[PDB]
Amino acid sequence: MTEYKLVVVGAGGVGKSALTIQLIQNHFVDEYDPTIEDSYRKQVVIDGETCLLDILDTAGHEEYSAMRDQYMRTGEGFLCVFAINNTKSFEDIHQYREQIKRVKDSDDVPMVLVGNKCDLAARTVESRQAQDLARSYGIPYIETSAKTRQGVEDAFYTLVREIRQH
């Protein structure tokens, strides 16, 4: 079947693992549990086609330097996550977008900027500015909540459809 190689990327503590666990195992993890690397494979059906989602869950900071080169090389699509209450995680997004362009020799590489944690009332990153960043890059922007499950299927599936259309 079609496999879709997704890698979820972004800063430490943004919720990429609680995103991937909501999708894969339907429940919110409120644990402190930093990732070196976790891989989830799941036979799924998206718009009538069956496919296996092969998600790679990555570390926020880690040793992880040109040591990211290797997974952004194999990955077809990227979820670029930041949290809407962490202004620096929003700013580090240019670090990941460019390095993914550098290792991929591409300017269009299927991607989607995910503003996570939109259940929390004290936010510091307005959607207007986050939507501009995503329009600057020619990329979809989607706000999520791994607490509430708001938009997690939407981030994942829009990204698969971005790969389908590239």
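Counting begins at 1, following the sequence as shown.
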statement: As the entry reports it, the stretch among 65-73 and 27-35 with higher mean C-alpha B factor is 65-73
- prompt: Per the PDB record, is the mean Cα temperature factor higher over 120-128 or over 43-51?
  reply: 120-128
task: Determine, from the deposited record, the chain-internal third of the Cα B-factor for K101: lowest, middle or highest.
output: middle
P140 - which third its CA temperature factor falls in, relative to the rest of the chain: middle
query: Looking at the C-alpha B-factor of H166, is it in the lowest, middle or highest third of its chain?
result: highest
- line: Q95: CA temperature factor from the record, placed by chain third, in the highest
